[PDB]
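Chemist: Output the structure for:
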Amino acid sequence: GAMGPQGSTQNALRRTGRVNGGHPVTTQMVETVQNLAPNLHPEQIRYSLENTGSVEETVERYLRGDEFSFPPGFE
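Modeler: Residues are numbered from 1 along each chain as shown. Shown next is the protein structure:
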């Protein structure tokens, strides 16, 4: 009869240390920080959200007055 055990070695790339260097963000994240941080530019928020990976972290660093740079192509 037919056959087909369909099972490959699911051993992906060796366990990394820290997956960082930009995170996927959405419009909802930008507006959230913006609403909670009206003193900030809406474009800088997107960049900070991608670096930090969360709105909350962006809001926490905002309230402490940390550095907020602009996203690539703005400068």
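
Chemist: Next up, the contacts around the residue sitting nearest the centre point of the chain.
Modeler: In the chain, the residue lying closest to the centroid (CA atoms, centre = their mean) is residue 23, at 2.7 Å. Counting by CB atoms under 8 Å, 6 or more residues apart in numbering, residue 23 touches 49-53. To be clear about C-beta, it is placed using only N, CA and C from the backbone, and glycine gets the same treatment.

Chemist: So it: helix, strand or coil?
Modeler: When the structure is reduced to helix, strand and coil (DSSP: H, G, I helix; E, B strand; the rest coil), residue 23 reads as coil.

Chemist: Same question for residue 39.
Modeler: For residue 39, the assignment made with three-state DSSP gives coil.

Chemist: Now do the strands in the chain.
Modeler: Assignment of strands within the chain using DSSP state E yields no ranges at all.

Chemist: Out of all residues in this structure, which is the farthest from the middle?
Modeler: The outermost residue of the chain, judged against the average C-alpha position, is residue 1 (50.3 Å), by CA atoms, centre = their mean.

Chemist: check contacts around it.
Modeler: Residues near residue 1 by CB under 8 Å, 6+ apart: none.

Chemist: can you tell me how far it sits from residue 48?
Modeler: For residue 1, the distance to residue 48 (CB to CB, to the nearest Å) stands at 59 Å.

Chemist: same thing with residue 11?
Modeler: Distance, residue 11 to residue 48, using CB to CB: 36 Å.

Chemist: Next: residue 59.
Modeler: Using CB to CB, residue 59 is found at 10 Å from residue 48.

Chemist: Looking at the two, which has the bigger crowd around it?
Modeler: Regarding residue 59 and residue 48, a neighbour count based on other CB atoms under 10 Å identifies residue 48 as having more, with 28 against 19.

Chemist: Spit out the contact partners of residue 3.
Modeler: Contacts here follow CB under 8 Å, 6+ apart; on that basis residue 3 touches nothing.

Chemist: shift numbering so it begins at 508
Modeler: In the new numbering, first residue 508, that becomes residue 510.
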